[PDB]
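Given next are two forms of a protein chain, the same chain in both, each as C-alpha cells and marked structure 1 or structure 2.
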Structure 1
C-alpha cells in the first residue's frame, strides 16, 4: 500500500515523460540503435525546432543520453524502464516486429 504509492509516483513520472506523440516517435527510432540529431530531423516530419525541444525534454528526464563527435550529436536510449514501456505500447513494432 505504502509501497504502491512509491511505485505509482515513479511510474507516473515515467509516463508523463513519455505521454507525447513526438517524443514517443523519437524513443521508437532510438529503439533500433543510436541515431544523430540530423538523422532524426530527417526522419521526423515536424520542424527541427520541435525535435530539439523533444530531445531536450527526453534528456532532462533521463530517458535519453547524448554524445558529441565533432559537429554531430548522437542520441541513445539510456533508460531500461522507458524502453519497456515503449516496447509495450508499440507491441514490439520498433523491434522490427
Structure 2
C-alpha cells in the first residue's frame, strides 16, 4: 500500500530526529542560521561531540553548511524535516 510506505518514510525521519543532542542542534537552527561557535556556546554538549553531531546531521542531509572566511554557518537543509522541526519548535521551544 502507498500509504504504508509513506508512513515508513515519515517513521524513518522521526527516528533520525528523536535523538537528544541532534534535535537540540535542529531546534537551534529552526530560529535561524547559526555559526559553529554559536551552537557551541548555546549547547552544554562537549564540543567534539557537537562537531560529530553536526557531521552526522550534515551527512544525512538534515543540515547544510556554508563558509564565510573562517566562519562555518549551519542551517536546516532537508525541507520536510525543517517543516517538522519548526512545528516541533513552535510546540516545545517557544515558551
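Heads up, when I say rigid core I mean the largest set of C-alphas that superpose within 1.5 Å between the two forms. Numbering follows the first chain given and starts at 1.
*Asks:* Align both forms on the core first, then report whether residue 89 has a C-alpha shift of 2 Å or more between structure 1 and structure 2.
*Replies:* Comparing forms between structure 1 and structure 2, the residue 89 CA shifts at least 2 Å.
*Asks:* Take the rigid core as the frame of reference and indicate whether the C-alpha of residue 17 shifts by 2 Å or more between structure 1 and structure 2.
*Replies:* Yes: residue 17 shifts by at least 2 Å between structure 1 and structure 2.
*Asks:* Aligning on the rigid core, what is the distance the CA of residue 7 moves between structure 1 and structure 2, in angstrom?
*Replies:* Between its two positions, the C-alpha of residue 7 lies 2.6 Å apart after core fitting.
*Asks:* Rigid-core fit: what Cα movement does residue 46 have between structure 1 and structure 2, in Å to one decimal?
*Replies:* Taking the core as reference, the C-alpha of residue 46 is shifted 1.3 Å.
*Asks:* Where the core is superposed, what shift in Å does the CA of residue 77 undergo between structure 1 and structure 2?
*Replies:* Residue 77 C-alpha displacement between structure 1 and structure 2, core-aligned: 0.4 Å.
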